[PDB]
Amino acid sequence: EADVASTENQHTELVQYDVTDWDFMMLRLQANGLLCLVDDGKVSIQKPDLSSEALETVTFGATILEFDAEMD
Amino acid sequence: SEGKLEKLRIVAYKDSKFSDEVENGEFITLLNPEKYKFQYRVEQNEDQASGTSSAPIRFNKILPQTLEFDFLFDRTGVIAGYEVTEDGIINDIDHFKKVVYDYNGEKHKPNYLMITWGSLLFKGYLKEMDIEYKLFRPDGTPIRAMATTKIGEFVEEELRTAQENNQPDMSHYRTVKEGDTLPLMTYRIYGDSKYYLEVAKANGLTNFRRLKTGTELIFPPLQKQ
Amino acid sequence: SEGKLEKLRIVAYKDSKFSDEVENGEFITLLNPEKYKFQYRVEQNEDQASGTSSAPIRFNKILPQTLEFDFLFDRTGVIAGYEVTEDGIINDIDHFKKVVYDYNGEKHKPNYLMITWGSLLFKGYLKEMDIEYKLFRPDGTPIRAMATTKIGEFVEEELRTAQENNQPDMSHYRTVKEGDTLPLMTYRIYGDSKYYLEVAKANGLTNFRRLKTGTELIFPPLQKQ
Amino acid sequence: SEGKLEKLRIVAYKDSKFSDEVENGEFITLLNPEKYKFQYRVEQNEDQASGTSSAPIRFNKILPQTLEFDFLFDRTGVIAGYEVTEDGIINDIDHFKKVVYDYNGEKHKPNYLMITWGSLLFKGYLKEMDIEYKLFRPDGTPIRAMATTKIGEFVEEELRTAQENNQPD
Amino acid sequence: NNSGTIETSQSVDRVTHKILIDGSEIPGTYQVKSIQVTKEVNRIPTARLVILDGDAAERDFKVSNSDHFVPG
Amino acid sequence: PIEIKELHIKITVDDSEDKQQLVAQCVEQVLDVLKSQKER
Amino acid sequence: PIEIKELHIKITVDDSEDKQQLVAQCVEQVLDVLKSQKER
Amino acid sequence: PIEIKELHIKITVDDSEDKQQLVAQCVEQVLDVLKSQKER
Amino acid sequence: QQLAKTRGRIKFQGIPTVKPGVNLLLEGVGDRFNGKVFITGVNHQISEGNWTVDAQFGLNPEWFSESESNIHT
Amino acid sequence: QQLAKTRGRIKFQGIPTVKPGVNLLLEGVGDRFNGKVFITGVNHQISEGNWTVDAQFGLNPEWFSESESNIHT
C-alpha cells in the first residue's frame with residue numbers, strides 16, 4: 001500500500017540499473033527533499049511536518065529517565 | 001490412630017505428573033526432624049525518575065519456594081523399638097542417597113521427590129546436602145551421623161496455567177439487581193465506562209437507561225486485531 | 001471502648017484506589033506483634049571536582065518506604081478467650097497466605113494490602129516471608145509457628161502529583177503591607193529583582209516607588225519555550 | 001542562665017543562604033541525645049611506577065562531612081515537667097517528620113536544616129532515618145519510640161570560594 | 001639526565017590549571033572534572049573539557065546558558 | 001594500544017575507579033578483533 | 001548515544017541486573033572511539 | 001558468535017577468571033551492534 | 001542541514017502513540033535545547049516488569065548515497 | 001617504510017615539552033627496542049589529582065589516499 005506526495009517535475013526518460021527497488025527509491029526521494037515512513041505494511045512518502053500539535057510534554061524534573069543532546 | 005506417632009516419608013517418581021513410582025524408591029526415617037522452614041519471595045520493578053518523591057512499584061514475578069530440615073541417624077541401642085544392626089548405619093545412608101541424590105539412567109537425571117509428613121506435602125528436587133559422621137565402632141563402622149538438606153519446588157507447566165486462571169479477553173454474564181446502571185457495570189468489567197453502547201447493542205436493548213431487575217446480560221470480549 | 005484490646009487487621013483490595021474489596025479477603029490476628037519498624041531513605045548527587053574543599057550537593061530522589069514485623073500462631077490451649085481446634089493452625093496459615101501471597105487470576109498479580117492497627121495505616125505489597133513450624137501433635141498436626149514479614153509501599157501516580165503540589169509557572173496574588181517595596185517582593189517570588197517593571201505594567205502602576213498599603217497585586221508567570 | 005538545661009532544636013529553611021524560615025517549621029526535643037559523632041575524610045592520589053620504594057602522595061579533594069545521633073520519644077508520665085497527652089506521641093512524630101523529611105512543593109525538594117545545641121551549629125540535609133515503635137496503649141496508641149538519624153553537610157558555592165581564599169596570581 | 005626521575009620545576013604534589021576564554025579566566029564557581037588534549041602528525045589538534053552541571057530541582061543548566069562555552 | 005588515537009577520556013563517579021579499569025580492557029580487546037579481520 | 005541505532009536488547013540471568021549496566025557502558029565507549037577516528 | 005573470526009586469546013592474571021567472562025560478553029554485544037547497522 | 005541543527009535522545013515511560021513523524025514538547029533542559037522537537041525514531045523495550053520508550057529527535061545530515069555500502073556491483 | 005620499522009607507546013608523568021616532532025631516549029626495554037625514538041603523537045590527560053602524558057613513536061606506513069574515506073564525491 002502507498003501514499004506518496006506529488007512533485008512538479010516530469011522526466012522524459014529515467015534509467016534504473018543493476019540496483020534494488022528500495023535503494024533506487026531512496027536515491028530519488030532524497031533528491032526531492034522527502035522522508036520515507038514505513039508503518040504496518042504501508043509506505044508513506046512526505047515532506048517534514050513541523051507544524052502539528054505536540055502529542056505530550058516530557059520534562060526533566062518530572063518525567064525524563066535518560067537524556068542526550070548535541071549542538072554542532 | 002490419633003495416638004500413633006507418624007514418621008516422615010520420601011518417595012521417588014519417574015514422571016512430572018507424579019504417577020509412576022521408582023521401584024524400591026521409598027525412604028522412611030526412624031527419627032523425625034525437630035522443625036522445618038519455608039521461604040517466599042516476590043520481586044518488583046522499582047525504576048523512578050529524578051526529582052520525584054515516590055515510585056509506583058510494579059509486579060515482576062514470584063520466585064520458587066524452598067524447604068529445609070535436618071536428620072539424625074543412630075543405631076547405638078538406646079532408642080526403644082529398634083534393633084542394633086551388624087553394620088550400623090551403612091545401609092540406612094546408602095538407601096537414603098539412592099532415593100534423593102543418585103543419577104537415573106532411564107530418565108537422564110535425578111529423581112522427582114514427594115515429601116509427606118502429617119499436614120505437609122511438597123514436590124521438588126534436591127539442591128544441597130551435607131553429611132557428617134560422628135561415632136564409630138573400633139573397626140571403623142559408623143553408628144551415628146547428621147544430615148542437612150535443602151529442597152526446591154517443582155510445578156509442571158500445564159498445571160501452572162490451570163492454577164493461574166488468567167481471565168477484556170473472555171466472556172461474562174451478570175444478572176441485573178435493583179440499583180444497577182449500565183455505565184457503572186461497564187466500568188467494573190472493562191475498566192472504562194465508554195463501552196456502554198456496545199454492550200447495549202449486543203443485548204438488543206433500546207431503553208438502556210432503565211434496566212429491569214431480572215435481566216441476564218452478556219459482556220463480550222474486545223476484539224484483538 | 002478504651003478498655004478494648006484492639007487486634008491488627010489486613011484486608012485485600014482489587015484496585016489501586018483501594019475501594020473494591022476482595023471477597024473473603026480479610027485477616028485478623030489472634031496475637032499482636034511486639035513492635036514494628038519503618039525505614040526512610042533520601043538520595044543525593046555528590047560529584048565534585050579535584051582541588052576543592054566541598055562538593056556541590058543536589059537533591060535527587062526519595063526512595064520507597066519499608067515496614068517490618070513478626071507474628072506468632074499458637075493453638076495449644078493456654079491463652080484465654082480461644083478454643084483448641086481439631087486441625088490446629090492449618091486453617092489459620094492457609095487463610096493468611098490466601099490474603100497476602102497468592103496470585104489472583106482476575107488481576108494477573110497478588111493483592112493490594114491495607115494494614116491497620118490503632119494509629120497505623122499502611123498500603124502496599126508483600127516482598128518477603130519466612131514461616132517456621134515449631135510444635136506438632138503425634139500424628140503430625142502443627143500447633144505453633146512463627147512468621148517474619150516485609151512490606152513495601154505503594155502510591156498511585158495520580159495521587160503523587162496531588163501530594164507534590166508543585167508550583168515562575170503559576171499565578172500569585174499578595175496584599176501590600178506597610179514596609180513593602182516592589183523590587184524586594186519580586187525577588188522573593190521569582191528569585192530575581194529585575195522583573196519589577198513587568199509586574200508594574202501588568203498592574204497599571206505609574207508611581208511604583210511608593211505603594212499604598214491596601215493594594216492587591218497580581219504576579220503573572222514567566223513565558224516558556 | 002547557666003543553670004538552665006538547654007534542649008536541642010532543629011529549624012527548616014527555604015533558601016541556600018538560610019535567611020527565610022519555613023512557617024511552623026521548628027522542632028524542639030523533649031529529651032537530649034546522649035552523644036553525637038562527626039566524620040572527616042581526605043582523599044589522595046597514590047599512583048606509582050614499578051621498581052620504586054615510595055610515592056609522593058598527592059592531594060585530591062576533601063569529602064563532605066557527616067553527623068549522627070539518636071532520639072527517644074516517651075509520654076508515659078514519669079518524667080518531671082511534662083504531661084500525659086490523649087494521643088501519646090502521635091503529634092510529636094508527625095511534626096518531626098514534617099520538618100526534616102517531607103517534600104516541599106514550593107521548592108520541589110525537602111527542607112534545609114539548621115541544628116543547634118549549645119556549641120553545636122550544623123547545616124545540611126537528611127540522608128537516613130529509622131523509627132521503631134515500642135510501647136502501646138490497649139487500643140493501639142503508641143507511647144514510646146526510638147529514632148536514628150544521619151545528616152549530610154551543605155555549603156553554598158559562593159561561600160566555598162570565600163572560605164578557600166585562593167591566592168603568582 | 002641519569003637522575004632516575006622526570007625533571008619538573010616544582011614538586012608534583014599539586015596540579016593546577018587555568019581556562020581562558022576570549023582573554024580571561026572562567027569564574028571559580030565552575031567545576032572542571034576532566035581535561036584532555038591531543039596532537040598528532042598530519043591531523044588537526046583538539047581538546048575536551050568536562051564540566052559538572054544541571055539541577056533537577058531547578059529544571060535547568062546554568063553553565064550551558066552562559067556565554068562562555070558558545071561555539072565560535 | 002600502540003596508538004593514542006584509541007584512548008577515551010576518563011570520567012569517574014562519586015558513588016560513596018575500579019570500574020574504570022574494566023571498561024578500558026574491553027575497548028582494548030574489541031579493537032584488536034577489528035584489526036585482525038582485515039588480515040589476509 | 002544520540003541514536004537508537006546502537007541499542008541492544010536486554011536479557012538478564014536468574015542466577016540466584018548489576019551486570020547489565022556495565023556491559024551497556026562498554027558499548028557506549030567503543031562506538032565513540034570508532035566515530036572519532038573518522039575526523040580529519 | 002557463529003564465526004571463529006571474532007574470538008580473542010585468553011590471558012588470566014594471578015592476582016591472589018571471573019573477569020574473563022565479563023570481557024567476553026562485551027565483545028559479543030559490540031559486534032552484533034556493528035552488524036545490524038549495515039542492514040537496510 | 002537545518003533539521004540536523006539539534007539532535008538527541010529522550011527516554012521515558014511507554015505509551016503507544018509516539019511514532020516517527022510526530023512532535024513532542026521538551027522542557028527543563030536549558031534554553032539551548034528547550035522547545036518543540038521532531039521525532040525521527042522510536043525504540044520500545046518491554047522486560048522485567050516495565051515498558052519504556054526511547055524517542056529520537058533531529059536528522060542525520062548524511063545522504064543515503066554517501067553513508068550506505070554495497071549499492072553498486 | 002623505514003620510519004615504520006619500530007612502533008609503540010610510552011606512558012609517563014607529564015611535562016609541557018613533549019610535542020610531535022621531538023626525540024626521546026628509551027632505556028631498559030631490551031636490545032630490540034632500546035635507543036633514540038622519534039615522537040609522532042602526544043596525549044595529555046589531567047584528572048583526579050594528576051597529569052600524565054602518552055607519547056607515541058614511529059609512523060604508520062599507510063598513505064592518506066589509501067586509508068582516509070570520502071575524499072571524492
# chains A, B, ... in the order shown; residues from 1 in each chain; ligands from 1

call {"tool": "calpha_fit_and_write", "arguments": {"fixed": "chain F", "moving": "chain G", "output": "short mmCIF file (atom, residue, chain, number, x, y, z; two decimals) with C-alpha atoms, in the first residue's frame"}}
result
data_model
loop_
_atom_site.label_atom_id
_atom_site.label_comp_id
_atom_site.auth_asym_id
_atom_site.auth_seq_id
_atom_site.Cartn_x
_atom_site.Cartn_y
_atom_site.Cartn_z
CA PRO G 1 47.28 0.05 22.16
CA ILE G 2 50.31 1.35 20.27
CA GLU G 3 48.30 4.41 19.15
CA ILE G 4 46.96 7.44 21.05
CA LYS G 5 44.02 7.52 18.60
CA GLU G 6 42.11 4.94 20.63
CA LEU G 7 42.14 6.37 24.17
CA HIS G 8 38.97 7.70 25.81
CA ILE G 9 38.60 10.49 28.35
CA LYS G 10 38.36 9.30 31.97
CA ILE G 11 35.23 10.27 33.93
CA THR G 12 34.63 8.79 37.39
CA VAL G 13 31.55 8.74 39.63
CA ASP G 14 31.49 9.78 43.30
CA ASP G 15 29.19 6.94 44.40
CA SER G 16 30.05 6.75 48.11
CA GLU G 17 37.87 3.78 39.89
CA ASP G 18 37.65 0.01 39.96
CA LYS G 19 35.11 0.19 37.13
CA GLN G 20 37.45 2.42 35.12
CA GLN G 21 39.96 -0.38 34.64
CA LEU G 22 37.37 -2.91 33.45
CA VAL G 23 35.89 -0.68 30.74
CA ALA G 24 39.37 0.17 29.46
CA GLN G 25 40.17 -3.53 28.97
CA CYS G 26 37.01 -4.08 26.93
CA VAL G 27 37.88 -1.30 24.47
CA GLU G 28 41.30 -2.77 24.02
CA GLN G 29 40.08 -6.30 23.04
CA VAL G 30 37.35 -5.09 20.67
CA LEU G 31 39.76 -3.00 18.58
CA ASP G 32 42.21 -5.91 18.33
CA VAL G 33 39.44 -8.13 16.94
CA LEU G 34 38.53 -5.49 14.34
CA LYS G 35 42.14 -5.15 13.21
CA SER G 36 42.69 -8.90 12.80
CA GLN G 37 39.73 -9.27 10.43
CA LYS G 38 41.42 -7.17 7.74
CA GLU G 39 44.36 -9.59 7.56
CA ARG G 40 44.59 -11.84 4.51
#

call {"tool": "calpha_fit_and_write", "arguments": {"fixed": "chain J", "moving": "chain I", "output": "short mmCIF file (atom, residue, chain, number, x, y, z; two decimals) with N, CA and C atoms, in the first residue's frame"}}
result
data_model
loop_
_atom_site.label_atom_id
_atom_site.label_comp_id
_atom_site.auth_asym_id
_atom_site.auth_seq_id
_atom_site.Cartn_x
_atom_site.Cartn_y
_atom_site.Cartn_z
N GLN I 1 58.55 3.82 4.84
CA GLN I 1 58.58 2.46 5.37
C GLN I 1 59.66 2.28 6.44
N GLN I 2 60.85 2.87 6.27
CA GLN I 2 61.86 2.69 7.31
C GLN I 2 61.44 3.30 8.65
N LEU I 3 60.70 4.39 8.62
CA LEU I 3 60.23 5.03 9.84
C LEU I 3 59.10 4.26 10.53
N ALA I 4 58.61 3.20 9.89
CA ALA I 4 57.56 2.34 10.41
C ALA I 4 58.15 1.06 10.98
N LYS I 5 59.47 0.95 10.99
CA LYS I 5 60.16 -0.25 11.44
C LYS I 5 59.82 -0.65 12.87
N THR I 6 59.86 0.30 13.78
CA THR I 6 59.53 0.03 15.17
C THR I 6 58.49 1.04 15.60
N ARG I 7 57.40 0.56 16.19
CA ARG I 7 56.33 1.45 16.62
C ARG I 7 55.90 1.19 18.06
N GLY I 8 55.37 2.21 18.74
CA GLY I 8 54.89 1.98 20.10
C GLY I 8 54.38 3.20 20.87
N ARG I 9 54.09 2.97 22.16
CA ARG I 9 53.55 3.95 23.10
C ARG I 9 54.29 3.92 24.44
N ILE I 10 54.61 5.09 24.99
CA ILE I 10 55.26 5.18 26.30
C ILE I 10 54.45 6.10 27.23
N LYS I 11 54.01 5.61 28.39
CA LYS I 11 53.26 6.48 29.31
C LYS I 11 54.07 6.87 30.53
N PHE I 12 54.11 8.18 30.83
CA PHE I 12 54.87 8.73 31.97
C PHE I 12 54.32 10.06 32.54
N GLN I 13 54.82 10.47 33.72
CA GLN I 13 54.45 11.73 34.40
C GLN I 13 54.59 12.93 33.46
N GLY I 14 53.55 13.77 33.37
CA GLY I 14 53.54 14.88 32.42
C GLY I 14 54.43 16.09 32.66
N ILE I 15 54.96 16.56 31.53
CA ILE I 15 55.76 17.76 31.36
C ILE I 15 55.23 18.48 30.11
N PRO I 16 55.42 19.79 29.94
CA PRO I 16 54.93 20.59 28.82
C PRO I 16 55.79 20.66 27.55
N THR I 17 56.83 19.85 27.43
CA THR I 17 57.74 19.96 26.30
C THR I 17 57.68 18.85 25.25
N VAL I 18 57.00 17.74 25.52
CA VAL I 18 56.97 16.68 24.53
C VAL I 18 55.85 17.02 23.56
N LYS I 19 56.21 17.16 22.29
CA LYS I 19 55.31 17.55 21.22
C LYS I 19 55.66 16.69 20.03
N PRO I 20 54.78 16.42 19.07
CA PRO I 20 55.13 15.69 17.88
C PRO I 20 56.31 16.40 17.22
N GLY I 21 57.30 15.64 16.75
CA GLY I 21 58.47 16.20 16.10
C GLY I 21 59.69 16.35 17.01
N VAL I 22 59.76 15.58 18.10
CA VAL I 22 60.90 15.65 19.02
C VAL I 22 61.47 14.26 19.22
N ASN I 23 62.66 14.18 19.79
CA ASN I 23 63.26 12.89 20.10
C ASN I 23 63.37 12.64 21.61
N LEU I 24 63.11 11.40 22.02
CA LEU I 24 63.29 10.95 23.41
C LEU I 24 64.27 9.80 23.46
N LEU I 25 64.91 9.59 24.60
CA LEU I 25 65.77 8.42 24.75
C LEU I 25 65.08 7.32 25.57
N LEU I 26 64.94 6.14 24.99
CA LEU I 26 64.28 5.00 25.61
C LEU I 26 65.26 3.96 26.14
N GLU I 27 65.16 3.65 27.43
CA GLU I 27 66.05 2.69 28.06
C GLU I 27 65.36 1.63 28.92
N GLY I 28 66.02 0.47 29.03
CA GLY I 28 65.58 -0.62 29.89
C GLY I 28 64.51 -1.56 29.34
N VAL I 29 64.27 -1.57 28.02
CA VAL I 29 63.22 -2.42 27.46
C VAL I 29 63.74 -3.49 26.50
N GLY I 30 65.03 -3.79 26.59
CA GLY I 30 65.65 -4.80 25.75
C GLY I 30 66.34 -4.23 24.52
N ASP I 31 67.37 -4.93 24.06
CA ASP I 31 68.20 -4.54 22.92
C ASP I 31 67.43 -4.37 21.62
N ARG I 32 66.30 -5.03 21.52
CA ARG I 32 65.48 -4.97 20.33
C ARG I 32 64.81 -3.61 20.17
N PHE I 33 64.54 -2.91 21.28
CA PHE I 33 63.84 -1.63 21.23
C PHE I 33 64.61 -0.42 21.78
N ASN I 34 65.65 -0.63 22.58
CA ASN I 34 66.36 0.50 23.19
C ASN I 34 67.00 1.44 22.17
N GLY I 35 67.04 2.74 22.51
CA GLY I 35 67.66 3.75 21.65
C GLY I 35 66.88 5.06 21.57
N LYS I 36 67.21 5.89 20.60
CA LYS I 36 66.54 7.18 20.42
C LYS I 36 65.29 6.98 19.58
N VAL I 37 64.15 7.53 20.01
CA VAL I 37 62.91 7.37 19.26
C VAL I 37 62.29 8.71 18.87
N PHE I 38 61.72 8.74 17.66
CA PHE I 38 61.05 9.92 17.11
C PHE I 38 59.57 9.93 17.45
N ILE I 39 59.12 11.03 18.07
CA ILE I 39 57.74 11.18 18.52
C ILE I 39 56.82 11.72 17.45
N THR I 40 55.75 10.96 17.20
CA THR I 40 54.76 11.25 16.18
C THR I 40 53.39 11.63 16.75
N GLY I 41 53.22 11.54 18.07
CA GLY I 41 51.94 11.93 18.67
C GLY I 41 51.98 12.04 20.19
N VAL I 42 51.12 12.92 20.73
CA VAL I 42 51.01 13.17 22.18
C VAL I 42 49.57 13.26 22.72
N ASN I 43 49.32 12.60 23.85
CA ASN I 43 48.03 12.67 24.57
C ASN I 43 48.16 13.08 26.04
N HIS I 44 47.63 14.26 26.39
CA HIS I 44 47.67 14.81 27.75
C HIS I 44 46.38 14.54 28.48
N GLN I 45 46.47 13.91 29.64
CA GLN I 45 45.28 13.60 30.42
C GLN I 45 45.37 14.15 31.83
N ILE I 46 44.48 15.07 32.19
CA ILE I 46 44.53 15.67 33.52
C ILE I 46 43.26 15.42 34.30
N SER I 47 43.37 14.65 35.38
CA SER I 47 42.21 14.33 36.21
C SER I 47 42.57 13.68 37.54
N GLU I 48 41.67 13.83 38.50
CA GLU I 48 41.73 13.18 39.81
C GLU I 48 43.08 13.27 40.49
N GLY I 49 43.69 14.46 40.47
CA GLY I 49 44.96 14.67 41.14
C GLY I 49 46.24 14.52 40.33
N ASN I 50 46.19 14.11 39.06
CA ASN I 50 47.46 14.00 38.34
C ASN I 50 47.39 14.32 36.85
N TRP I 51 48.56 14.66 36.32
CA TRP I 51 48.83 14.95 34.92
C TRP I 51 49.78 13.95 34.30
N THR I 52 49.29 13.16 33.35
CA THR I 52 50.13 12.17 32.68
C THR I 52 50.13 12.39 31.18
N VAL I 53 51.17 11.93 30.51
CA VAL I 53 51.26 12.04 29.06
C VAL I 53 51.60 10.69 28.37
N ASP I 54 50.91 10.33 27.30
CA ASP I 54 51.14 9.17 26.44
C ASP I 54 51.90 9.62 25.20
N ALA I 55 53.15 9.19 25.06
CA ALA I 55 53.93 9.58 23.90
C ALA I 55 53.94 8.45 22.87
N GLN I 56 53.68 8.78 21.63
CA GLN I 56 53.65 7.83 20.53
C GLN I 56 54.87 7.95 19.66
N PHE I 57 55.48 6.82 19.32
CA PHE I 57 56.64 6.86 18.44
C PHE I 57 56.47 5.97 17.21
N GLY I 58 57.16 6.36 16.14
CA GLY I 58 57.14 5.64 14.86
C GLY I 58 55.96 6.08 13.97
N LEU I 59 56.07 5.84 12.66
CA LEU I 59 54.98 6.17 11.73
C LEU I 59 54.19 4.99 11.24
N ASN I 60 52.97 5.27 10.81
CA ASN I 60 52.09 4.28 10.21
C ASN I 60 52.47 4.32 8.72
N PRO I 61 52.82 3.16 8.13
CA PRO I 61 53.24 3.10 6.74
C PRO I 61 52.17 3.47 5.69
N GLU I 62 50.90 3.50 6.07
CA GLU I 62 49.79 3.81 5.15
C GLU I 62 49.75 5.26 4.70
N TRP I 63 49.38 5.49 3.44
CA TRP I 63 49.26 6.84 2.91
C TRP I 63 47.84 7.40 3.06
N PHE I 64 47.72 8.72 3.07
CA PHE I 64 46.43 9.41 3.21
C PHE I 64 45.41 8.90 2.20
N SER I 65 45.82 8.82 0.94
CA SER I 65 44.99 8.38 -0.16
C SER I 65 44.52 6.93 -0.07
N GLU I 66 45.15 6.13 0.79
CA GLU I 66 44.81 4.74 0.94
C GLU I 66 43.87 4.51 2.12
N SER I 67 44.13 5.20 3.23
CA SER I 67 43.34 4.97 4.44
C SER I 67 42.16 5.90 4.71
N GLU I 68 42.14 7.12 4.17
CA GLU I 68 41.03 8.01 4.50
C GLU I 68 39.85 7.88 3.56
N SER I 69 38.65 7.98 4.12
CA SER I 69 37.42 7.90 3.35
C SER I 69 36.86 9.26 2.94
N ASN I 70 35.95 9.22 1.96
CA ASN I 70 35.20 10.36 1.44
C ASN I 70 36.03 11.50 0.86
N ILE I 71 37.18 11.19 0.28
CA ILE I 71 37.99 12.22 -0.35
C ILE I 71 37.25 12.72 -1.57
N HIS I 72 36.70 11.80 -2.34
CA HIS I 72 35.99 12.11 -3.57
C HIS I 72 34.47 12.01 -3.42
N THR I 73 33.78 12.78 -4.25
CA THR I 73 32.34 12.81 -4.43
C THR I 73 31.83 11.46 -4.98
#

call {"tool": "residues_around", "arguments": {"residues": "residue D:111", "least_positions_apart": "2", "cutoff": "8 Å", "atoms": "only C-alpha atoms", "output": "list in words"}}
result
residues 12, 13, 14, 99, 100, 101, 102, 103, 104, 109, 113 and 125 of chain D

call {"tool": "interface_residues", "arguments": {"of": "chain E", "to": "chain G", "cutoff": "12 Å", "atoms": "only C-alpha atoms", "output": "ChimeraX atom specification"}}
result
/E:40-46

call {"tool": "write_last_selection", "arguments": {"atoms": "N, CA and C atoms", "output": "JSON list (two decimals), in the first residue's frame"}}
result
[["chain", "number", "residue", "atom", "x", "y", "z"],
["E", 40, "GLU", "N", 48.81, 15.25, 16.89],
["E", 40, "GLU", "CA", 49.42, 14.16, 16.12],
["E", 40, "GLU", "C", 49.83, 14.60, 14.72],
["E", 41, "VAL", "N", 50.88, 13.97, 14.20],
["E", 41, "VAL", "CA", 51.36, 14.26, 12.85],
["E", 41, "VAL", "C", 50.26, 14.01, 11.82],
["E", 42, "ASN", "N", 50.08, 14.98, 10.93],
["E", 42, "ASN", "CA", 49.10, 15.02, 9.86],
["E", 42, "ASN", "C", 47.62, 15.04, 10.29],
["E", 43, "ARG", "N", 47.32, 15.53, 11.49],
["E", 43, "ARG", "CA", 45.94, 15.67, 11.95],
["E", 43, "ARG", "C", 45.73, 17.04, 12.57],
["E", 44, "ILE", "N", 44.48, 17.48, 12.70],
["E", 44, "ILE", "CA", 44.20, 18.75, 13.35],
["E", 44, "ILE", "C", 44.01, 18.57, 14.87],
["E", 45, "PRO", "N", 44.77, 19.28, 15.73],
["E", 45, "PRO", "CA", 44.73, 19.23, 17.19],
["E", 45, "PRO", "C", 43.37, 19.53, 17.79],
["E", 46, "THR", "N", 43.09, 18.85, 18.90],
["E", 46, "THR", "CA", 41.82, 19.01, 19.62],
["E", 46, "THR", "C", 41.91, 18.93, 21.14]]

call {"tool": "select_by_dssp", "arguments": {"residues": "stretch 62-167 of chain C", "states": "alpha helix (DSSP H)", "output": "count of residues only"}}
result
18

call {"tool": "closest_residue", "arguments": {"among": "E:14, E:39, E:62, E:68", "to": "chain I", "atoms": "only C-alpha atoms"}}
result
E:62

call {"tool": "closest_atom_pairs", "arguments": {"of": "chain E", "to": "chain A", "cutoff": "9 Å", "atoms": "only C-alpha atoms", "output": "JSON lines"}}
result
{"residue": "E:55", "atom": "CA", "partner": "A:61", "partner_atom": "CA", "distance": 8.3}
{"residue": "E:56", "atom": "CA", "partner": "A:61", "partner_atom": "CA", "distance": 4.8}
{"residue": "E:57", "atom": "CA", "partner": "A:61", "partner_atom": "CA", "distance": 6.4}
{"residue": "E:58", "atom": "CA", "partner": "A:61", "partner_atom": "CA", "distance": 7.6}
{"residue": "E:59", "atom": "CA", "partner": "A:61", "partner_atom": "CA", "distance": 5.6}
{"residue": "E:60", "atom": "CA", "partner": "A:60", "partner_atom": "CA", "distance": 8.3}
{"residue": "E:71", "atom": "CA", "partner": "A:72", "partner_atom": "CA", "distance": 7.9}

call {"tool": "write_last_selection", "arguments": {"atoms": "N, CA, C and O atoms", "output": "mmCIF file, in the first residue's frame"}}
result
data_model
loop_
_atom_site.group_PDB
_atom_site.id
_atom_site.type_symbol
_atom_site.label_atom_id
_atom_site.label_comp_id
_atom_site.auth_asym_id
_atom_site.auth_seq_id
_atom_site.Cartn_x
_atom_site.Cartn_y
_atom_site.Cartn_z
ATOM 1 N N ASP E 55 20.578 20.786 37.326
ATOM 2 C CA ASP E 55 19.900 20.544 38.601
ATOM 3 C C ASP E 55 18.406 20.300 38.419
ATOM 4 O O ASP E 55 17.648 21.186 37.989
ATOM 5 N N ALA E 56 18.000 19.066 38.696
ATOM 6 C CA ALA E 56 16.634 18.568 38.539
ATOM 7 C C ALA E 56 15.632 19.327 39.382
ATOM 8 O O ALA E 56 14.437 19.310 39.092
ATOM 9 N N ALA E 57 16.095 19.931 40.468
ATOM 10 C CA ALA E 57 15.227 20.676 41.357
ATOM 11 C C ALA E 57 14.960 22.086 40.847
ATOM 12 O O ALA E 57 14.116 22.789 41.398
ATOM 13 N N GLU E 58 15.697 22.526 39.824
ATOM 14 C CA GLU E 58 15.534 23.855 39.266
ATOM 15 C C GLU E 58 14.991 23.741 37.869
ATOM 16 O O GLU E 58 14.319 24.640 37.373
ATOM 17 N N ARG E 59 15.234 22.591 37.278
ATOM 18 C CA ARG E 59 14.840 22.418 35.929
ATOM 19 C C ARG E 59 15.747 23.202 34.985
ATOM 20 O O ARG E 59 15.245 23.909 34.151
ATOM 21 N N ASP E 60 17.067 23.196 35.170
ATOM 22 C CA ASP E 60 17.917 23.892 34.205
ATOM 23 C C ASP E 60 19.409 23.528 34.287
ATOM 24 O O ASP E 60 19.842 22.793 35.178
ATOM 25 N N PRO E 71 29.887 28.135 20.718
ATOM 26 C CA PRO E 71 30.668 27.912 19.536
ATOM 27 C C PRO E 71 31.101 29.223 18.926
ATOM 28 O O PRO E 71 30.305 30.150 18.805
#

call {"tool": "select_by_dssp", "arguments": {"residues": "chain E", "states": "strand (DSSP E)", "output": "ChimeraX atom specification"}}
result
/E:20-21,24-25,32-40,46-51

call {"tool": "residues_around", "arguments": {"residues": "residue B:141", "least_positions_apart": "5", "cutoff": "9 Å", "atoms": "only C-alpha atoms", "output": "list in words"}}
result
residues 87, 88, 89, 90, 135 and 136 of chain B
